[PDB]
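Enquirer: Structure of the sequence below:
(one chain, ligands or ions: 2)
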Amino acid sequence: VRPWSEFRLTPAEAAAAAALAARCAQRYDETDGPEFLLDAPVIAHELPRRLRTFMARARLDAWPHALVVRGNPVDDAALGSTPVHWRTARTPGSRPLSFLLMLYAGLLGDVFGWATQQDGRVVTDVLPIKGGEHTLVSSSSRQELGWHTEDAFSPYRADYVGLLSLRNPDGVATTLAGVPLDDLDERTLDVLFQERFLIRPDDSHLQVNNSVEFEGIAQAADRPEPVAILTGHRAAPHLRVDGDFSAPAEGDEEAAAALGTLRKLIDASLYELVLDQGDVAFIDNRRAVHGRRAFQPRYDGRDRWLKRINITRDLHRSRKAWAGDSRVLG
Ligand SMILES: N=C(N)NCC[C@H](O)[C@H](N)C(=O)O
Ligand SMILES: [Fe+3]
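Expert: Residues are numbered from 1 along each chain as shown. Ligands and ions are numbered 1, 2, ... in the order given. The relevant structure is shown in the block below.
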């Protein structure tokens, strides 16, 4: 009925998962400490069985753009005010929910972070930062966050991007789109499968958006190597594109026409997913691009606030980029 797969916890199931995360928050010092990173995938085997069944099956389905879990309770009074910056965003009220996200993520794969993004944290924060309303990063607000493959520039980008909505009082929509296969002619499709496109790293990997891996980002922005936008099966391709940071190879007008066509087709097929408070989404970063609608920030303590995590099916595929730590890349 919809392009994502959806699961709704019963009150009993939701309370059991919450109790499990609360227990972890009492026994472990931090969510992305080495001890909990190793233990979380096994603790997650204790989550409610109906949820584990959904995650195991839905990950193997061929069609969904995202796996959506609704119905986690969040008490605004216990959670407290939305932080003013991500640096101070590991508040006690949000702590059990950060553990909950880690437990759900462990059913899907291996979590990791980036040395060049929010100080190498694995669980990151999405919130509006005053003065950054018209930027191209996820702390924007008044300017729409254009659609993108997460970390498109990198061969080590996530297979799944997890988002947990801590609060979203004005119902701001996440945007999604898949490959517009019904409108791509064969010739245009052929071009998108060839290595004729440049993809640069987005602004969230810049030094200015953080408090030696930055040299790799500079090389990627300065001298990008040509890559394909589409890979895999022609009838169900995987997608790698960033609307704001993608370009054709220099002088390649055939590739430019193909990228220009794809831009218009994705713009025309973008749809909206609203993550209400307590909703979790795992976006398939190979099948879909995602973004976020423009909204007016409040800055009154009740702004939209998400926790975010990157998930790969195999951490060993990124060995070359382990930044002195398997769980932080760069
Ligand atoms: N604005 C564009 N095209 N992409 C940047 C947004 C990304 O999701 C980035 N990892 C961020 O959080 O800002
Ligand atoms: Fe994103």
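
Enquirer: Count residues in the vicinity of the residue nearest to residue 35 when sequence neighbours are not counted, would you?
Expert: Counting by CB to CB, 6 or more residues apart in numbering, residue 35 lies nearest to residue 28, which is 6.0 Å off, once chain neighbours are set aside. For every residue, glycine as well, the C-beta is placed using N, CA and C. Burial of residue 28, expressed as a neighbour count using other CB atoms under 10 Å, amounts to 18.

Enquirer: from memory residue 28 sits against residue 34, does it?
Expert: No. Contact between residue 28 and residue 34 fails when scored by CB atoms under 8 Å: they sit 10.2 Å apart.

Enquirer: Return the set of buried residues in stretch 198-213.
Expert: Along stretch 198-213, the positions that meet the burial threshold by neighbour count (16 or more other CB atoms under 10 Å) are 198, 199, 200, 201, 202, 204, 205, 206, 209, 210, 213.

Enquirer: How about the fourth one, nearest residue that isn't a chain neighbour?
Expert: Leaving aside its chain neighbours, residue 201 sits nearest to residue 153 (4.2 Å; criterion: CB to CB, 6+ apart).

Enquirer: contacting residues for that neighbour?
Expert: Residues counted as contacts of residue 153 (CB atoms under 8 Å, 6 or more residues apart in numbering) are 199, 200, 201, 202, 220, 224, 242, 245.

Enquirer: what's the closest of the residues you listed to residue 271?
Expert: Taking CB to CB as the measure, residue 271 sits nearest to residue 242 out of these, at 18.8 Å.

Enquirer: Nearest residue to residue 294 in space, please, no chain neighbours.
Expert: Taking CB to CB, 6+ apart, and ignoring the residues beside it in sequence, residue 294 has residue 144 as its nearest neighbour in space, at 4.2 Å.

Enquirer: what's the answer for residue 122, then?
Expert: Across the structure, with CB to CB, 6+ apart as the measure, the residue nearest residue 122 apart from its sequence neighbours is residue 32 (3.7 Å).

Enquirer: who are the neighbours in contact with that neighbour?
Expert: Counting by CB under 8 Å, 6+ apart, the residues that residue 32 touches are 102, 111, 113, 121, 122, 123, 327.

Enquirer: likewise residue 195?
Expert: Counting by CB under 8 Å, 6+ apart, residue 195 touches 226, 227, 228.

Enquirer: Next: residue 258.
Expert: 188, 191, 192, 229, 248.

Enquirer: ok, so what distance separates the closest residue in space to residue 45 that isn't next to it in sequence from ligand 1?
Expert: What sits nearest to residue 45 in space, not counting adjacent residues and going by CB to CB, 6+ apart, is residue 52, at 7.4 Å. With distances defined as CB to the nearest ligand atom, to the nearest Å, the gap from residue 52 to ligand 1 amounts to 28 Å.
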